[PDB]
Structure formats: structure tokens, C-alpha cells
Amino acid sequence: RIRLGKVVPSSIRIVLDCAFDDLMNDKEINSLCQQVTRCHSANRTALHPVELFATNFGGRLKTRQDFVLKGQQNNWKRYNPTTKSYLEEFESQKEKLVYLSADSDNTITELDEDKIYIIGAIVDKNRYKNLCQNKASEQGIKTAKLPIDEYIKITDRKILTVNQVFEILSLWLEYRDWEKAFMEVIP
């Protein structure tokens, strides 16, 4: 892949909600930890890097990260891990939260520079359907699914990994085209 033109940072914040640590087995934590690393990698070489957050960060995920990266995570730029929930962290900007979920009635068509998009930091193979839709609804924040299913058909394999969703959002900032973004992340 070659990226075209000068890097211009984006104002979009992207949150990896890491509040589902207790729902995962150790292999799922390790898989997720590596998915977190890919998000940063995708962000680091993005044409429009976002401010990346990791909320409710701690527990086994944190331990696994330090064990694999041996401190490297501290040197990461546009990276903000915090023990705070995204609700605490963005108390003032609550109306700007959008929780991405495959279970949403809404569909995301365009990313707004003023908005804060949340990705549920969980590997569950979609075993916990509605987990994220339910959490967000009950908090009173908006949800939206990705406008795939003009792209993927049969059937409910429309549920992507954490880094795939991030990689797709990032490329959308680059290409402003959904299908292209899908084509490079999901070939």
C-alpha cells in the first residue's frame, strides 16, 4: 500500500471501550491485546491519525500488554489509556459519543470531526449479541452499525474484529469511500 499526500491529523476521537475484561478467557485477552496493537499501527501510518483512547483500561488486558510490549506502549503517540470509563472521560462531551455496534438500528454513513466513536474492546465471536447496543442504549448514547451489507451478504458474518472496524474507520478518513475501505481491510 502507498499512502498519498501529506499527513493531516483528524479531530475525531476513537475510544476502545475496555470494560469487558471479565467476559473473556485468556486466549481472548491475548487476541484482543494484539488487536489493540494493530489499531495503533493503523493509526501511526494513517493519512488522518485520530486521537485514540482506551477506557476502563486495566486488568488482564493491561498486564498482557506490558508483558508483550515491555513498556513500548508508553512511547505511543495519540494514544490515551485510562482507568476512567468513556462516560467519566467525556462527561462534558456526552452528546458526541457514538457507540459502534452491529446490532444498531442506525447506520453510520459519514464520520464527523466533532464526534467520538466507541469500539467495544471485546473478542466474543459475537457470543454476547446486543452487549454493546444495550450498554449504550441504557446510558442514553447513540449507536450505529457500519454500512457493510452492500458489501457482505450471507449472512451474520457482518460482525468484525476491533482492529478491522478501526482500520475501516481510518481508511474512510483517507478514501471517504466505504467500499474501498472494506476492500482493503476485508479482501
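All residue numbers are counted from 1 along the displayed sequence.
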Next item on the list: Could you settle it for me: does 84-92 or 97-105 have the higher average Cα B factor in the PDB entry?
Entry: 84-92
Notebook entry, point to check: With respect to the recorded C-alpha B factors, which stretch has the higher mean value, 164-172 or 5-13?
Noted result: 5-13
Item checked: Criterion, highest CA B-factor; candidates, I118, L131, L47, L69 -> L69
Next item on the list: Divide the modelled residues of the chain into thirds by Cα B-factor and specify which third, lowest, middle or highest, holds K27.
Entry: middle
Check: Based on the entry's values, in what third of the chain does the Cα temperature factor of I159 lie: lowest, middle or highest?
Finding: highest
Item checked: Ranked against its chain, the third holding the CA B-factor of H40 -> lowest
Note to self: What third of the chain does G58 rank in for C-alpha temperature factor, lowest, middle or highest?
What the structure shows: lowest
Notebook entry, point to check: Compared with the other modelled residues in the chain, in which third is the CA B-factor of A136?
Noted result: middle
